[PDB]
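Structure first, then comments.
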Amino acid sequence: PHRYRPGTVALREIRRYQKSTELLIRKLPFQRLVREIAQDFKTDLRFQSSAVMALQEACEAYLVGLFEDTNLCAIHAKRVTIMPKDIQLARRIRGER
Amino acid sequence: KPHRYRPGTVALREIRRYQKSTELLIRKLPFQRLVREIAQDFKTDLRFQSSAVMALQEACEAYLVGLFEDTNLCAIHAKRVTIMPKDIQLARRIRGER
Amino acid sequence: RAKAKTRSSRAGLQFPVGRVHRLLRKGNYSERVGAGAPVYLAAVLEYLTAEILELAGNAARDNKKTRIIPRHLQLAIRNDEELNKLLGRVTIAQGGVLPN
Amino acid sequence: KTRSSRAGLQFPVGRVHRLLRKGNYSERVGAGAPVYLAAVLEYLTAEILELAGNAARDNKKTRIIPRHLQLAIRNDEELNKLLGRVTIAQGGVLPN
Amino acid sequence: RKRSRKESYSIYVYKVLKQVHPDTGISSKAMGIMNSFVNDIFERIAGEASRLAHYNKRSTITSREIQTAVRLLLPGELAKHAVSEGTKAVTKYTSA
Amino acid sequence: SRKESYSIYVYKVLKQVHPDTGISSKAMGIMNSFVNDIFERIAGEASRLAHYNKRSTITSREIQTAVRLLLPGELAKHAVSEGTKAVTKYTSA
Amino acid sequence: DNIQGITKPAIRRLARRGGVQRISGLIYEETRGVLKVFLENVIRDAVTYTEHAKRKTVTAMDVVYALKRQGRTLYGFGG
Amino acid sequence: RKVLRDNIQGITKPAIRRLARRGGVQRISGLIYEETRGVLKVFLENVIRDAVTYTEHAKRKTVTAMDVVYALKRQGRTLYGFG
DNA sequence: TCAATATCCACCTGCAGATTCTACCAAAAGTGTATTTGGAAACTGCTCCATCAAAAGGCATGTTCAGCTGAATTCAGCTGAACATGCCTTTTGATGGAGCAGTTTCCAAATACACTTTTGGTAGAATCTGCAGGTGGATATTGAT
DNA sequence: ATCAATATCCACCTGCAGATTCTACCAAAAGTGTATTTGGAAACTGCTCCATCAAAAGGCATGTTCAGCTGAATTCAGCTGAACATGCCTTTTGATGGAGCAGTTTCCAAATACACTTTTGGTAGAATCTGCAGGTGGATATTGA
Ligand SMILES: [Cl-]
Ligand SMILES: [Cl-]
Ligand SMILES: [Cl-]
Ligand SMILES: [Cl-]
Ligand SMILES: [Mn+2]
Ligand SMILES: [Mn+2]
Ligand SMILES: [Mn+2]
Ligand SMILES: [Mn+2]
Ligand SMILES: [Mn+2]
Ligand SMILES: [Mn+2]
Ligand SMILES: [Mn+2]
Ligand SMILES: [Mn+2]
Ligand SMILES: [Mn+2]
Ligand SMILES: [Mn+2]
Ligand SMILES: [Mn+2]
Ligand SMILES: [Mn+2]
C-alpha cells in the first residue's frame, strides 16, 4: 500500500517534460479543433499535413511559454498554485490584453 | 488643531491630477544633461537637434509611465498597494525586456 | 488636347492619389504598381484619418475646445477599442494617458 | 571561379546577390553587399552549428537535432537575444 | 537658397477635418501626429502588400494586394469599412 | 520542379566546424529558417538605412551598419569582422 | 465540444513543461480560452494568405507567414 | 565643455514620483527611485546607441529627431509627433 | 536509522527509418561589352546648436512625525494531487480516389517609358483668434470631534 | 451628524503667440503615343489530402481520500506620505558666433543591361548507420515506521 506525497510526482513530471520535446496535446483532437476554427473563415478547406503540425508546434510553444510567465505571477503572489488571475495578469503585461 | 490630510489622500489627488495633464514630468535641463552624458559615452563630439532631445524625453516618460502601470498591476496582484522593485522586475520580465 | 482631371477627383477622394502612387513606386515595394493600388490606398488612408478626426473632434468638444490637440487624439485613440489596438504600440507625444 | 571562392566563403554570394536584387530592397546593389551579407550569414551559421555541435557531443550524440539547436541557442546570452521572438520547432525548453 | 520642399499630408488631413467637423481646427502639434499616423499606416500596408506580392511570386502590387493587406492589418470593423471605401474608390475611378 | 535552400551551404559549414557531426533533416529545416530570417532582417534594415539617407543602392556599408543595429555586441563584432574580411579578400582577387 | 478535446491531462503536461507544480481547477477552462484565441488569430491570418493565393489548401507557409506577423516566428516549416 | 557625471541623479525622487502618479501608482517604496533610474538608463542607452548609429551612418555630427524616431521604431516604441 | 517500493541510471543490443552516396540535367552564375548614373568630392549659403548673461520663483531637499501598510504568525476548511479502474478515443496504415496545386501555353489588358504640358502644393508674407493663465465665487471633498 | 479647512470647479476675460489664409512660383502630377509584360484563362497531371476501416493500446475520465496549501484574522515595528522651512538651479528671454547641415555642380568608379558560355545545385534511384526503444541488474530516492 504505497502512495506518493502531494506534488512528489508533480516535480517528477516537470523533470520529465522539460527534458523531452514531443507535442503534449494529442494530434487528432488538435486537428479537429484547427479545422473547426478554420471552417469559420472559409469553408471546405484542405490542410497540408505540415501546416497543421506547424500550428500545433507554434501553439504549444506559446502555451508552455505562457505557463512559464503565469508561474512567475503565482510565485509573485507567494503561491505555488497557478490560477486564472495569474494567466490574466501575464497576458495583460504581455500586451495580449 | 492644524489641518492634515491622511496618508494617501494627497496621493490620489496627485493621480487624478497628473492623469489629466500631458506635460512632461522630468525637468528639461536635468534630462537633456543625462542624454548628452550617455550619448558622449558612445560617441564624442556630438550635437543634438533640439527636438531630438524632446523626442527622447517624450519616449522615456511614455515608457516609464507605462512601466509603472504594469508595476502597479504586479503590486495589486501581491495584495499590496506599495509598488516595489520586485514588481518592476516581474513586469519587465514578462514584458520580455529580460 | 483634353483637360486635366486629377485621379483623386476621378476616385472621389480627398487624399492625393498621384502622390501615393508615387510613394509606392519609390518605396521599393514591388517591381511595378497597378492603377488601382494607389487609389485604394489613398482611400483607406483617408478613411482612417476621417475616423480618428471624428472621434478626436468630439474629444475636443467634450473638453470645450474648438481646436484638436494631441491629448484629444490620445483620448480618441485610447477610448476606441479598434483604433487602440491598431495603434497599441504607438505613442502620441504630449497625449498623456486615459484617466484610469 | 565563383565569387564565393573568391571571397573565401562557403555561402552562395551569387545567390545572396540575386536574392537582394529580387527582394525589392533597393534599386541597386553594390558589388560588396552580397559578399558582406554572405560572410555574416555564414559566420552566424558557423556559430550556432559550433554550439549545437557541442550540444550533441555533451549528449553522447553525433547527429544534431532540433533539441540541440534549442539547447545551444537558449544557453547562449547573445544568440538567445537575437532569437528571443523565435521558437524552434521540436526544440523543447531548457531543463530546471 | 531654396529650402527644398517638404511634402506633407496636412492639406488633405485638414480638408478631411473640415468635412467631419466644419468648425474645428487642429494645432500644428496634432497635425504633427496626424502626419505620423498616415505615413505609418501607409508603410504598414505597402509593407504587407509588398510581402504578399513576394509570397506569390508576383511582381506587381495591385488594389487586391492592398485590400488583403488591409484585412490583415486592421481590426474588425475598421477593416470592413476601409475595404468598402477602397473598393468604392477603385470602381469609381475605373468608371471614369 | 526546383526548391532551393541553404542546406548544402549549411552542411559545408557544419563539416568545417564539426567534421564528424551530422545533422537531422528537421534540424536542417531550423538552420534554413534561421538563415532566411537573419537574411531578411539584415536586408530589411539595410533597405531602410538607404531610404532614410535617400540612397538608391544598398552597399556593404549599409549591410554592416545594419549588422551593428541587429546583432548583440560580441556577435556583431565578429560578424563585422568576417564581413569586412570577406569583402577585402574579394576585392583582392 | 472540440475545444474540450484539448483535455485536462494534456494541459497538465503543458503546464509541467512550463515548470508549474500545482494547478488550480479553473486553469483548464481558462487555458482553452487563451488557446482558442491563439488559433483563431493565427488561422484567420493564415487563411487570409490562402485566399489571397486563391487556393483551397492552407499551406505550412501560409501558417509560417501568419505566425511571423503575430510575432510568433517559427523555424522548421519553410523559413 | 565640463565633465558630465552622475546626471542620472537629475531624475529626482519627486520627478519619479509624478511619473508613478500618471502611472496610477498610489504608494511607493523607498527602493523604487533607484530601480527606476536603473531602468531609465538602460532604456536611454539603447535608444541613443541606435539613434547615434543612425547618425554615423549618415556621416553627420548632429543627432536629429529623425535619428531618434528611427531608433525608437526599431526598438518597437514608435513615436508620433516629430516623425 | 531500518525496510519495501519504485525510480532512475547504465551498458548492451539489433533493426528500421533516415542519412549518405551515386548519377544526371535547366537554371542560375560567371564573362565580356557598352552605357548609364548614383552620389562622392568641392564649395558655400545660412539654419540652428552651443554658449553666455541674468534674474526670479517654481520646486527639489531634508527633516520631523506618526498613520497605517507590509510582513509575520496561526490555523482551519477544502481544493487539488495521487491512484487504482474501466472503458473508448486516438493512433497506425495501407488503400483508392479525387480535388487541386502547379504547369505550361497562350495573348488581350494593363504597366512602364519618354516627353511635353498643366496644375496642385509648398514656403513664407499677411490676416486672424482660440485659449492660456489670471480671478473669484460656489461647490465639493476631507478629517476632527 | 456637523462643519471649519482648503482643494476643485466652472464661467468670465482679452492680448498674442500660434493657426489660418493669402500669394507665387516650380516641382511633380497629367496627358499622350509607344514598347513591353503580367499574370489571368483552359485543359492536364502527378500528388498529396481526405475518407474509410481496423485493430489494439494505451491514455483519459472517474471517485476516493486526505495532505498540505491558501486565504482569513490578528498584530505591530517602522516605512513611507504629508507638511514645512530654506534657498538652489531650472526656466525664461535674448543676443552671437560659427559648426555643420543642406543645396548645387561636376563627372568618374561602379552598377545596370544584354549575350553568351559554363558550372552548379536540385532531384530521383541506391548503400550505410545512428540511435530508439527495450532488456537486466544495480544503486537511489521516497515513504512508512
Ligand atoms: Cl483566478
Ligand atoms: Cl523588492
Ligand atoms: Cl490595381
Ligand atoms: Cl558595395
Ligand atoms: Mn460631422
Ligand atoms: Mn546623376
Ligand atoms: Mn536646499
Ligand atoms: Mn507607531
Ligand atoms: Mn496590510
Ligand atoms: Mn481537377
Ligand atoms: Mn493653383
Ligand atoms: Mn484656464
Ligand atoms: Mn488536515
Ligand atoms: Mn563651416
Ligand atoms: Mn553538382
Ligand atoms: Mn535510450
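Quick reminder, even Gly has a Cβ in these numbers, built from the backbone with ideal geometry, and neighbours come from all protein chains shown. What follows is calculated from the coordinates using simple rules that are stated; it is not laboratory data.
Considering the range E:14-67 alone, what residues qualify as being surrounded by fewer than 17 Cβ atoms within 10 Å (Cβ to Cβ), within 20 Å of residue D:25 (Cβ to Cβ) and under 16 Å from the mean Cα position of the chain (by Cα)?
Answer for the range E:14-67, where residues must be surrounded by fewer than 17 Cβ atoms within 10 Å (Cβ to Cβ), within 20 Å of residue D:25 (Cβ to Cβ) and under 16 Å from the mean Cα position of the chain (by Cα): E:39, E:43, E:44, E:47.
Every residue in the range D:1-43 that is under 22 Å from residue F:19 (Cβ atoms), out of contact with any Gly (no Cβ under 8 Å at 6 or more places or on another chain) and touching a residue at least 12 places away in the same chain (Cβ under 8 Å), please.
Listed by number, the residues that qualify are D:9, D:10, D:11, D:12, D:41, D:42.
Which residues, counting only those in the range E:55-73, are touching a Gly at 6+ places or on another chain (Cβ under 7 Å) and free of Cβ contacts under 8 Å to residues at least 12 places away in the same chain?
E:60, E:62 - these are the residues of the range E:55-73 that are touching a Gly at 6+ places or on another chain (Cβ under 7 Å) and free of Cβ contacts under 8 Å to residues at least 12 places away in the same chain.
Out of everything in the range G:1-48 that is of a type in the set (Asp, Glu) and more than 7 Å from every other protein chain (Cβ to nearest Cβ), what residue ends up being surrounded by the fewest Cβ atoms within 10 Å (Cβ to Cβ)?
G:1
Would it be correct to say that residue B:86 is away from DNA strand J (no atom under 11 Å from the Cβ) and either in contact with a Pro (Cβ under 6 Å, 6 or more places away or on another chain) or closer than 22 Å to residue H:54 by Cβ (or both)?
Considered against the rule, which asks whether it is away from DNA strand J (no atom under 11 Å from the Cβ) and either in contact with a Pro (Cβ under 6 Å, 6 or more places away or on another chain) or closer than 22 Å to residue H:54 by Cβ (or both), residue B:86 comes out as no.
Which numbered condition trips up residue B:90, out of (1) within 16 Å of ligand 2 (Cβ to nearest atom); (2) outside any helix (DSSP H, G or I); (3) facing another protein chain (nearest Cβ under 7 Å)?
For residue B:90, the exception is condition (2).
Please go through the range E:68-96 and give me each residue that is surrounded by fewer than 19 Cβ atoms within 10 Å (Cβ to Cβ) and more than 28 Å from residue C:80 (Cβ to Cβ), ordered by number.
Hits for the range E:68-96 are E:91, E:94, E:95, E:96.
Please state which of the following conditions residue E:60 fails to meet, knowing it meets all the rest: (1) facing chain C (nearest Cβ under 8 Å); (2) in contact with a helix residue (DSSP H, G or I) (Cβ under 8 Å, 6 or more places away or on another chain); (3) within 27 Å of residue H:69 (Cβ to Cβ); (4) within 12 Å of DNA strand I (Cβ to nearest atom).
(3)
Restricting attention to helices (runs of 4 or more DSSP H) lying wholly within the range D:1-78, give those where 2 or more residues are under 16 Å from the mean Cα position of the chain (by Cα).
Answer list for the range D:1-78: D:13-22, D:32-57, D:66-74.
Suppose we keep only residues that are within 14 Å of chain G (Cβ to nearest Cβ) and not in a helix (DSSP H, G or I) within the range F:1-41. Which one would you say is nearest to residue F:69 (Cα to Cα)?
Per the criteria, the residue is F:6.
Got a sec? Which of D:67, D:57 is of a type in the set (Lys, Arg), facing another protein chain (nearest Cβ under 7 Å), away from ligand 4 (no atom under 16 Å from the Cβ) and within 30 Å of residue A:22 (Cβ to Cβ)?
Working: D:57 fails: facing another protein chain (nearest Cβ under 7 Å).
After ruling out the rest, the residue left standing is D:67.
Given the criterion within 16 Å of ligand 3 (Cβ to nearest atom), of a type in the set (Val, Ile, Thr) and more than 7 Å from chain C (Cβ to nearest Cβ), identify the matching residue among E:83, E:70.
Values: E:70 fails: more than 7 Å from chain C (Cβ to nearest Cβ).
None of the others qualify; the one that does is E:83.
What about residue B:62, is it over 13 Å from residue H:20 (Cβ atoms), touching a strand residue (DSSP E or B) at 6+ places or on another chain (Cβ under 6 Å) and more than 16 Å from ligand 4 (Cβ to nearest atom)?
So residue B:62 passes the test.
Any idea which residue in the range B:41-87 is farthest from the other protein chains (Cβ to nearest Cβ), counting only those that are assigned to a loop (DSSP other than H, G, I, E, B) and more than 16 Å from ligand 2 (Cβ to nearest atom)? Write out each step before concluding.
Of the residues in the range B:41-87, the ones assigned to a loop (DSSP other than H, G, I, E, B) are B:43-46, B:49, B:78-81, B:84.
Now restrict to residues that are more than 16 Å from ligand 2 (Cβ to nearest atom): B:43-46, B:49.
On the way: B:43: 5, B:44: 10, B:45: 6, B:46: 6, B:49: 5 Å.
Top of the filtered list is B:44.
Are any of the residues in the range H:38-57 farther than 26 Å from residue E:44 by Cβ and more than 14 Å from the chain's Cα centre (by Cα)?
The answer is yes; a qualifying residue exists.
Go through the range C:1-51 and count every residue that is more than 7 Å from chain E (Cβ to nearest Cβ), surrounded by 24 or more Cβ atoms within 10 Å (Cβ to Cβ) and not small (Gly, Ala, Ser).
Residues flagged as more than 7 Å from chain E (Cβ to nearest Cβ), surrounded by 24 or more Cβ atoms within 10 Å (Cβ to Cβ) and not small (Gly, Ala, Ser) within the range C:1-51 amount to 3.
Does residue C:36 qualify as being away from ligand 1 (no atom under 16 Å from the Cβ) and more than 26 Å from residue E:26 (Cβ to Cβ)?
yes
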